[PDB]
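Remarks on the overall topology
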Amino acid sequence: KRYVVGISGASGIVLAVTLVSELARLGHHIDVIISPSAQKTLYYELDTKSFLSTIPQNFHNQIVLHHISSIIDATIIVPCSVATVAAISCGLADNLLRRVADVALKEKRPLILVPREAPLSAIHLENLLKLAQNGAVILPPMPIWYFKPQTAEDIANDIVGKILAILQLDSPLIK
Amino acid sequence: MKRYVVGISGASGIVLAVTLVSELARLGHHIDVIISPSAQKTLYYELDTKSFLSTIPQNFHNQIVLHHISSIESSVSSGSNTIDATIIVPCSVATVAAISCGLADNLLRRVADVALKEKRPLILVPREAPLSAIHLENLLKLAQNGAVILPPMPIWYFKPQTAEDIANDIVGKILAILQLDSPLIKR
Amino acid sequence: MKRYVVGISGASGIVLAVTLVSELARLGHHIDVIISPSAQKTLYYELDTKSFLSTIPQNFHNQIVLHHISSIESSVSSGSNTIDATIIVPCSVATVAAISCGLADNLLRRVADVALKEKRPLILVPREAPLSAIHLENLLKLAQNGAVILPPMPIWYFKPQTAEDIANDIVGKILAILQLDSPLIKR
Amino acid sequence: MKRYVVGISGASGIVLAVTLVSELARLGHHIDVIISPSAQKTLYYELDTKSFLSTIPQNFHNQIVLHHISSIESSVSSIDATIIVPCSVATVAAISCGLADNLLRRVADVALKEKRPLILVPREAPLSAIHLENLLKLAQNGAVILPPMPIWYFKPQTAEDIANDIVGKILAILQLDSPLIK
Amino acid sequence: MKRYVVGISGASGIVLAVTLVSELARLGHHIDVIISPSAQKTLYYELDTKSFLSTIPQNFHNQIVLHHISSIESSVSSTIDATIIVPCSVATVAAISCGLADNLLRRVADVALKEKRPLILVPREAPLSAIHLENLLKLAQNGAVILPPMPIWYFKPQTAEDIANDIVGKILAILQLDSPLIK
Amino acid sequence: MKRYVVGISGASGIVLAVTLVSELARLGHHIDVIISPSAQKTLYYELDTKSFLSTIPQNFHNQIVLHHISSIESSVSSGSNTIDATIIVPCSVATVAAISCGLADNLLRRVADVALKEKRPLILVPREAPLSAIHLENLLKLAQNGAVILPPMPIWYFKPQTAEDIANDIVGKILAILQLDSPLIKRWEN
Amino acid sequence: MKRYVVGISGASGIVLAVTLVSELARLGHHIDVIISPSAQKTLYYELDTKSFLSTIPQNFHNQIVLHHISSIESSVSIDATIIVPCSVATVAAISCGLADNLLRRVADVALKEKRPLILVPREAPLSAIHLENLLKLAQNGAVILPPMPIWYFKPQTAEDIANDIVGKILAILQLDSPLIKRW
Amino acid sequence: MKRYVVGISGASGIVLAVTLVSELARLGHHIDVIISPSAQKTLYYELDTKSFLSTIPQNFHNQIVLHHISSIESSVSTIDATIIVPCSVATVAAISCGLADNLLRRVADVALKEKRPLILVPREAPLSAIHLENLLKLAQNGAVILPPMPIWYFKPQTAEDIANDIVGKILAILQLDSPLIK
Amino acid sequence: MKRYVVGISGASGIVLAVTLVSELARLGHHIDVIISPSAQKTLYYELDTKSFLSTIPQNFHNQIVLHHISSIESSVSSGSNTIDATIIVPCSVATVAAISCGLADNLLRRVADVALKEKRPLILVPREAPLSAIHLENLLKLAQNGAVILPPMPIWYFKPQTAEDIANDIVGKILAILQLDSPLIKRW
Ligand SMILES: Cc1cc2nc3c(=O)[nH]c(=O)nc-3n(C[C@H](O)[C@H](O)[C@H](O)COP(=O)(O)O)c2cc1C
Ligand SMILES: Cc1cc2nc3c(=O)[nH]c(=O)nc-3n(C[C@H](O)[C@H](O)[C@H](O)COP(=O)(O)O)c2cc1C
Ligand SMILES: Cc1cc2nc3c(=O)[nH]c(=O)nc-3n(C[C@H](O)[C@H](O)[C@H](O)COP(=O)(O)O)c2cc1C
Ligand SMILES: Cc1cc2nc3c(=O)[nH]c(=O)nc-3n(C[C@H](O)[C@H](O)[C@H](O)COP(=O)(O)O)c2cc1C
Ligand SMILES: Cc1cc2nc3c(=O)[nH]c(=O)nc-3n(C[C@H](O)[C@H](O)[C@H](O)COP(=O)(O)O)c2cc1C
Ligand SMILES: Cc1cc2nc3c(=O)[nH]c(=O)nc-3n(C[C@H](O)[C@H](O)[C@H](O)COP(=O)(O)O)c2cc1C
Ligand SMILES: Cc1cc2nc3c(=O)[nH]c(=O)nc-3n(C[C@H](O)[C@H](O)[C@H](O)COP(=O)(O)O)c2cc1C
Ligand SMILES: Cc1cc2nc3c(=O)[nH]c(=O)nc-3n(C[C@H](O)[C@H](O)[C@H](O)COP(=O)(O)O)c2cc1C
Ligand SMILES: Cc1cc2nc3c(=O)[nH]c(=O)nc-3n(C[C@H](O)[C@H](O)[C@H](O)COP(=O)(O)O)c2cc1C
Ligand SMILES: CC(C)=CCOP(=O)(O)O
Ligand SMILES: CC(C)=CCOP(=O)(O)O
Ligand SMILES: CC(C)=CCOP(=O)(O)O
Ligand SMILES: CC(C)=CCOP(=O)(O)O
Ligand SMILES: CC(C)=CCOP(=O)(O)O
Ligand SMILES: CC(C)=CCOP(=O)(O)O
Ligand SMILES: CC(C)=CCOP(=O)(O)O
Ligand SMILES: CC(C)=CCOP(=O)(O)O
Ligand SMILES: CC(C)=CCOP(=O)(O)O
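1. Brief notes about the arrangement of the chains
Note that chain A does not reach chain G: the shortest distance linking a C-alpha of one to a C-alpha of the other is 27 Å. Nothing in chain C touches chain H; the tightest C-alpha to C-alpha distance between them is still 15 Å.

2. Details of the side chain of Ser12(F)
Among the structural elements, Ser12(F) can be located in the loop between β1 (3–8) and α1 (14–26). With a relative accessible area of 9%, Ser12(F) lands in the buried category. Within the local environment of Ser12(F), its side chain forms a polar contact with the backbone nitrogen of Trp156(C), the two atoms lying 3.2 Å apart. At 2.6 Å, the side chain of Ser12(F) forms a polar contact with the side chain of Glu46(F). Excluding residues within four positions of it along the chain, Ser12(F) makes contact with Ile155(C), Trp156(C), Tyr157(C), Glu46(F), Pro90(F) and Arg127(F).

3. Points about the interface of chain C and chain F
Taken together, the 40 residues of chain C in the interface contact 40 residues of chain F. Sorting the residues of chain C by area buried against chain F places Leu136(C), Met153(C) and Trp156(C) first, and these three jointly supply 22% of that buried surface. The tally of links between chain C and chain F comes to two salt bridges. Here chain C is connected to chain F by 13 residue pairs in polar contact.

4. Some details on the interface of chain H and chain G
Opposite the 17 residues of chain H that make contact, chain G presents 19 residues. Of the roughly 1,300 Å² buried at the junction of chain H and chain G (both faces included), carbon and sulfur atoms supply 58%. Remark: the boundary between chain H and chain G carries five salt bridges. Across the salt bridge formed by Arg106(H) and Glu123(G), the nearest N and O atoms sit 3.3 Å from each other. Looking at the side of chain H that touches chain G, the elements that each hand over two or more residues are α3 (89–97) and α4 (103–114) of chain H. For the side of chain H that touches chain G, the class distribution of residues is six nonpolar, four polar and seven charged.

5. Looking at the UniProt feature "binding site: FMN" in chain B
Summarizing the sequence annotation, UniProt attributes the feature "binding site: FMN" to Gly10(B), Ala11(B), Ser12(B), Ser36(B), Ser92(B), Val93(B), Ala94(B), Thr95(B) and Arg127(B) in the numbering used throughout. In this structure, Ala11(B) sits in the loop between β1 (3–8) and α1 (15–26). Sequence-distant contacts of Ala11(B), defined by excluding residues within four places in its chain, comprise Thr42(B), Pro90(B), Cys91(B), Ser92(B) and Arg127(B). Mapped onto the fold, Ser12(B) is located in the loop between β1 and α1. Among the residues examined, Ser12(B) registers a relative accessible area of 8% and is labelled buried. Separated by 2.5 Å, the side chain of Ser12(B) and the backbone oxygen of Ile144(A) make a polar contact.

6. Observations concerning the sheet that holds strand β5 (residues 118–122) of chain H
Residue and element names in this part refer to chain H. Pairing is parallel across the open sheet formed by six strands, whose spatial order is β3-β2-β1-β4-β5-β6. Two strands close off the open sheet at either side, each with one partner strand: β3 (64–67) and β6 (144–145). With four bridges connecting them, strand β1 (residues 3–8) and strand β4 (residues 81–87) associate as parallel partners. Directly across from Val6, in β4, lies its bridge partner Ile83.

7. Side note on the UniProt feature "binding site: dimethylallyl phosphate" in chain B
In the numbering used here, UniProt assigns the feature "binding site: dimethylallyl phosphate" to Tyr157(B) and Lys173(B). Despite a sequence span of 17 residues, these residues sit close together in the fold, their greatest C-alpha distance being 13.3 Å. With respect to the helices and strands, the residue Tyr157(B) is situated in the loop between β6 (148–149) and α6 (163–177). On the basis of relative accessible area, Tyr157(B) is assigned to the partly exposed category, the value being 39%. Sequence-distant contacts of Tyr157(B), defined by excluding residues within four places in its chain, comprise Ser11(A), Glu45(A), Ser78(I) and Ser80(I). Looking at the element boundaries, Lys173(B) is found in helix α6. Contact partners of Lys173(B), with chain neighbours within four places excluded, come to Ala118(A), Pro119(A), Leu150(B), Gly79(I) and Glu118(I).

8. Describing the UniProt feature "binding site: dimethylallyl phosphate" in chain A
UniProt records the feature "binding site: dimethylallyl phosphate" at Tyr146(A) and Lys162(A), using the numbering of this structure. As for its placement among the helices and strands, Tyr146(A) is situated in the loop between β6 (137–138) and α6 (152–166). Beyond its immediate chain neighbours, meaning those up to four positions away, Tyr146(A) contacts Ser12(B) and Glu46(B). Position of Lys162(A) among the secondary structure elements: in helix α6. Residues contacting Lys162(A), with those up to four places away along its chain left out, are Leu139(A), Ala129(B), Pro130(B) and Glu114(D).

9. Observations concerning the UniProt feature "binding site: FMN" in chain A
The UniProt entry lists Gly9(A), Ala10(A), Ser11(A), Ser35(A), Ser81(A), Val82(A), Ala83(A), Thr84(A) and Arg116(A) under the feature "binding site: FMN", expressed in the numbering used here. One can find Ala10(A) in the loop between β1 (2–7) and α1 (13–25). In this structure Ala10(A) touches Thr41(A), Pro79(A), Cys80(A), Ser81(A) and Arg116(A), once residues within four positions along its chain are discounted. Here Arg116(A) is to be found in the loop between β5 (111–115) and α5 (122–133). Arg116(A) sits in the buried class, given a relative accessible area of 10%. For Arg116(A), the contacting residues outside a window of four places in its chain are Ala10(A), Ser11(A), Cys80(A), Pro141(A), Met153(B), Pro154(B) and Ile155(B).

10. Regarding the nonpolar core
Counting residues in each nonpolar core, the largest one holds 134 residues, and the members touching the most others are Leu20(H), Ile83(H), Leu174(H), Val6(I), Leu20(I) and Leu178(I). Those residues within four positions of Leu174(H) in sequence are excluded, and the remaining contacts are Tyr4(H), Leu20(H), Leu24(H), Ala81(H), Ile83(H) and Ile119(H).

11. What to know about the pattern of salt bridges
Applying the stated criterion to the full structure yields 89 salt bridges over all chains. In this structure, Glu118(B) and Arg120(B) form a salt bridge, with 4.0 Å as the shortest nitrogen-oxygen distance. Looking at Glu118(B), the relative accessible area reads 14%, which means it is buried. A salt bridge links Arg105(D) to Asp101(D); the nearest nitrogen and oxygen atoms lie 2.8 Å apart. Residue classification places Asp101(D) among the partly exposed residues on the basis of a relative accessible area of 35%.

Rules of the game
Residues numbered from 1 in each chain as written, not as in the entry; some residues may be left out. Chains lettered and ligands numbered in written order. Part of a larger assembly, values for the part shown. Heavy atoms only, no water. Residues with missing side-chain atoms left out of burial classes, pairs and counts. Contact = heavy atoms within 4.5 Å. Helix = DSSP H or I, 4+ residues; strand = E, 2+ residues; numbered from the N terminus. Buried < 20%, exposed > 50% of the residue type's maximum accessible area, 1.4 Å probe, protein only. Polar contact = N/O pair within 3.5 Å; in protein donor to acceptor, adjacent residues only side chain to side chain. Buried area = accessible area lost by both parts, 1.4 Å probe. Salt bridge = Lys/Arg side-chain N within 4 Å of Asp/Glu carboxyl O. Nonpolar A, V, L, I, M, F, W, Y, C, P; charged D, E, K, R; others polar. UniProt positions renumbered as here; feature names shortened; annotations may be inferred. Pairing = 2+ DSSP bridges. Core = buried A, V, L, I, M, F, W, Y, C linked by side-chain atoms within 4.5 Å.

Dropping the structure here:
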């Protein structure tokens, strides 16, 4: 299958690494788009400058990195900053990340957004609501807890487990 | 002494309420706690106890008063008693819905409606995923009415190692909202 | 002889329900009374009794039928049984909220919804202060749906002396909008 | 096999829920049933029984699970379709608000948040502006609004005919073939 | 002696109009009846007849005036005690909610709203889409009574006719008439 | 010393304004007072005087400035002069309508607009019954712009005996919103 | 005998209010009348008098009580309230709840007590601002009755057009009067 | 010769009305002027005069007609443009509501209903949500909303420079050629 | 010592930013300043320099920190800093639009978004005339979300003489809104 994973500048790029690596482990193809703002979040959070170093080498044939300034079963924006939520909710399809979101909305194909921000102001909630009403799946990264997590790693994997469930996949990360 | 009301609603993540009440008590404040019946069940399934007090040090119990969910006559049900902040943590979408409608027909819901009517701080920790359009509209209306919408989102730029680290950082953010200094707050 | 439904909701001023139901019987009418459990507490805290019937002169009791708040199977829960006017007094913001949402899941909320859908008179006596934007949106919506919104506003140009004068003159307005003539009415 | 959730709410017409659950059972599907206490009163006033199961052929009972209205901790609270039949306007209101504070209301909320089929069979007359606003909000969020209305161009003769054709319409929305569909 | 306007629109359930008009005449009132061409078809598919008046006993015909759907010049087009559109298609619901009073059936509904006289609509459609619920909402907010034909199972009907009879009884209760159809 | 503005508009219950300004002065504060022409009439019908100042102990007059309703050039008509709170009591639905529309065309309405635009406290004590949908919508709009909507609702759980009791306890709730410490404030217990 | 409140606001057509008042009194009813300052101006410009009562037969004057526009403490602060003619500024104030003179206040009391309020707004063109206020007032129960000539009554004179319009006010008041014509 | 209506509302900045009217007259146009009671007070506090005409060169008086604020009968109640300057938020409120109950509010209401140009120069700070809502409504009905913002890219040196270039912006909206415009 | 964020957007009136920042520094406060590329040009056209700091007395520079518009990783870019207030002066209409939409994709937009979500003071000084319906709606939306909308309206009742007088008195009103006691503030 073919999945578009866009990585927006919000905190939690470990969610994106985990999704892509597991997607790739399931024999699927992934098109990844990294915003410059997430390219930095990548170094501050996983002390590394290449997103591809975080992925098992054997999966690299199944992954295509795209430049956000260039002029399909589902699209996932993870993490998704509020600025990217705003752009998508406005129709402001003026980079590749925003535009692949817009295409998903325009064709009624699955669009999963993973917004990290807290608190959420009325401005951001109104954009999320608009996107929900237009068919986007709004999936904030909420720890599941009744799975008795122990590590930070447990929490991330169960959050990604929720993503894969929505993608109608099966994976040992779903609980 | 500041005086806080903590409402515990039956969403996943009751550990967040335990550490928030623990830290508020440690810092020396008074905490009125209301646990819903569904939260009572979340406590057993997540923390393996049926007594909320059993999760907080006994030396702090003098700073904590539990009110039954049906005691709408309790002192914290009236706006004539000054509370410095009200926190609903965790907060189910059902309780978000009730508070957004004004449906103050139990003490947990009433305490939130009192905070809004007196324009005192109300912090909601809604936990649910996905968030549907119905739930997002309730959250929006609550934010426009002055509630702080603080979903329990992990702060990964602090690089937690343990689950407890994530819980502590998230409670840190609540205490920052409360403008309390606490070592759970990171920067 | 007319038939009236009086819902007693748990806001302050249950004395208003008492004097309205008393005057309605004193003029010959039938009153179906629904007392919420919270209004029962208020009756105690404000009138020092646990029997609403014990507040009404005894020869009026045969004109009054108490209904349990869970009895949604009751005749007054159906729109085919003809009621002249329905009064929720006092009315909490919680019950205002419920009625404005359509949340007719107990007999008190149900009789108000039934009055709305049959376009029969529904008088709400909401008592709360201050009134938040949430409360005022619910009130607005109910007035647009034909409900008469009558907060218990003391009438100071009648120059009241006692707390009882203020109560009497407030019930005088309820009776006026019902279109009864009563010595409680002042002009 | 397929798995259905039938919430029975306290409006008139519980005969509809019986023949729905009975026919789904007959086709070999599993049904999770949730009865509100108001529905339990209506079961007695309209069908003169205090047992919902005394209604379904005894051989089907191993395909039916009854869940207490208060069990929001339960299995279905975390899948082929969810039917609330009949549906009171109070439960319409609760679902339209997202007020998922009992099990019947929560299974419906779960269906909406997961984009799974939700069929509501609201029964009330007149429908006021308050009820219509809640119904509109649910339609806009993808619930199928199916008031139980006699079909008549099938020329029914019995009351039972009228209920059967109404349930056939439900069965047709679930895209199951059934003799009840015309 | 009251005066009713009954508009019959092409939604399934024309037996309801027949029963309503019959009982109103049996109770001694006058009824102006307007039948749309689609209701004309439904009358044939559902009651096997081409004449509405043949469904009504002959001694009530003096109390019933048929108007053609194009007669926006009619007396009823300009005091009536109540106006009932039964059954009412969602297309006619839409027209009335828009104010599109461009035939006599739609016009008598608009007159009732404009004069703030009772207007009872008996819409029959299932499922009801958001577009149709919005029109229904708008009409309720403008004071139309929205009375879909919901069967009343707690009167324990045995036959189809019982179900139709009890639904017309609710219409009659909304009209504040005493009829034995009301339970 | 804090600085308050009390506008007195022509609804019933001007005893509330008398009681509030008297207590503000007792606590040691300063009050700029504005009486509408309709409130002046209401003073006469409810308290049987044509002088509001006659209702307050002379002890306190040095702490009170009466402003005429048309003096939109007054010091309290500007936002450069910091006011701690502004209270319209009682408040007619007509003045509610004015303030909710932004129709600041007299000093009492202006003083409320100034509080709203400077995000300083504005307490409205609207008295009217029934409240139509027109009045509710204006009150809603004002609540959403940050006005405290505090109708003069009697507090019966304080078991009042006289009319004076009911008014004092109502003024007590106003002083509680002002976050002042006053013996007029009472508090729920059990 | 019924009691009516007739507010005269400063829009064109003050003859309409003259005619309505004369006939209401000629039917044996009481009329409380409130004239705005601008209506007194238009009274002069349109009927060549500054005395409203100079236009009304003297035998009717004991059924008529004039009220000053600023008398907001008035006993009238029942049956029906007619603002005729109604200027768009008065429409604006009433729709806002700006009840700060006696004319505006009696209209607000009518709406709050859900008693008949009939507005006869005269202005043309009607902008979006005025139409929004009119919609709000109609949604809150007010009858919106612009003075639309009834040409199917084939009037001859200006007096005829005015009479027939007042006949429509009378019809809505549910009175019987030789001014009302039916079609 | 064109005909303008200038309403002078009681906000700060009456200097703008003075230099607008006297420049219109210098171009040889007709100006009907309406001064609210409040604007008479701010004329005094800002221009230490009690006479509006005393601020305009006496030569131009024959092209200016003063109308009393209460004179709602009046011809001005064919006009090329109507300018309320300065414009208080109270007057913005009245106009946005259609509250045309004095001549100043009324000439603005007439511009809007006839779709003739209406320029409002509102002056208040902060602008609350109540003020913004009225201004938005006015802009949706075609009013030009022109708050008196200094034009700093013209490097003003004195207060009069700032006032002059603000009036220049008004004259540019009126489509007039004037030295005030750059 | 309070901490202010002053964002400088490319509209006319950068002199307001200059005199706000130096008076806040003079009172002893700390100021993080963000200058957009467009405001840097306005600085030259209106103040005849491209060094913002050359318009500020050198004794105040230790209290000022200049952040680049593209550093969305900055410390002012988090709610973890308790900034006492954020001021966007002057504020272009494009910047008003971005903030009202939540389009927080540079540091100046982000700092305004943070103040909104933390419920800390955000003062906007929009300069545009005329204001279209589209711009009034954005303004309205921000005022409903708590932003103070403070256009630079000359205060003529203080009878200013010079152009500096008008700018000084306007900055006085900003400082009043900041609840600072400052000799630039005049009272009526
Ligand atoms: C370490 C770091 C963490 C961040 N976390 C968030 C976040 O959790 N939520 C958010 O809305 N923005 C966050 N941001 C800022 C966003 O990256 C910023 O709004 C950016 O413009 C988003 O643009 P983008 O969506 O194209 O990446 C963070 C920035 C950094 C440097
Ligand atoms: C003594 C007393 C007085 C109360 N007064 C009010 C009141 O004035 N307004 C209000 O909204 N709630 C008031 N409450 C709380 C309500 O009773 C509470 O919200 C309750 O759940 C309402 O439920 P009900 O409307 O079903 O009676 C009061 C409670 C008590 C014990
Ligand atoms: C015999 C009977 C029939 C009822 N029929 C209806 C109905 O048709 N529509 C409705 O809204 N309520 C009806 N009710 C009332 C509802 O049951 C009541 O509002 C209830 O609280 C709804 O709760 P539930 O939806 O959880 O079952 C009926 C009650 C009884 C006893
Ligand atoms: C273990 C467990 C976890 C739950 N987590 C959530 C949750 O995260 N969000 C939610 O909306 N409901 C959750 N629920 C269901 C709610 O408890 C249910 O909606 C309940 O009626 C909420 O009422 P309350 O908030 O007053 O406790 C959970 C239930 C259980 C048993
Ligand atoms: C036998 C029959 C039954 C129909 N039933 C319905 C119905 O129940 N609801 C509906 O919306 N349309 C129904 N229609 C279609 C309507 O006739 C169609 O919308 C028509 O144009 C309505 O016109 P009218 O309302 O002016 O009569 C039916 C058509 C036929 C032939
Ligand atoms: C004795 C008396 C009592 C009044 N009470 C009220 C009242 O309770 N509520 C109200 O809205 N108006 C009341 N009014 C009328 C208002 O004063 C009237 O609408 C007035 O124009 C409001 O003007 P103001 O708010 O500027 O004072 C009363 C008038 C009088 C004479
Ligand atoms: C010196 C002075 C300056 C004023 N400046 C303003 C102002 O800038 N903005 C404003 O809205 N009101 C201002 N006002 C007050 C208004 O004049 C007041 O709200 C008045 O009622 C408006 O009436 P008008 O707009 O019809 O003239 C000022 C008043 C004075 C005395
Ligand atoms: C002769 C004359 C005719 C008028 N006709 C109208 C009119 O038809 N419509 C209108 O809105 N105003 C008309 N006006 C002006 C209004 O009287 C004006 O807006 C006034 O402020 C409204 O005041 P009032 O409605 O409280 O009486 C007219 C004025 C005069 C002198
Ligand atoms: C010399 C000059 C002056 C400008 N003045 C304004 C102005 O006063 N108001 C405005 O909205 N835009 C003005 N602009 C245009 C905005 O700066 C432009 O929309 C910009 O891209 C917005 O980005 P920024 O506000 O973040 O700097 C001006 C541009 C230049 C070159
Ligand atoms: C428990 C109690 C007395 C509630 C009533 O107080 P409030 O004025 O509604 O805050
Ligand atoms: C007891 C009960 C559920 C009554 C319902 O009656 P109706 O819906 O008002 O016709
Ligand atoms: C009963 C239970 C586990 C509820 C929580 O599930 P969900 O995340 O709300 O779908
Ligand atoms: C058919 C006809 C004369 C319609 C006009 O009457 P009305 O004045 O619109 O009620
Ligand atoms: C009376 C007066 C100077 C009002 C204007 O002050 P501000 O615009 O509210 O600061
Ligand atoms: C002048 C007067 C008695 C006004 C009364 O208004 P309300 O209807 O008693 O609130
Ligand atoms: C003074 C006068 C002619 C007012 C009426 O003007 P218009 O017909 O409302 O434009
Ligand atoms: C620059 C950065 C770490 C932004 C994230 O902070 P926040 O928790 O979204 O306020
Ligand atoms: C490019 C430039 C000088 C823009 C200034 O014009 P405006 O005030 O933004 O309309």
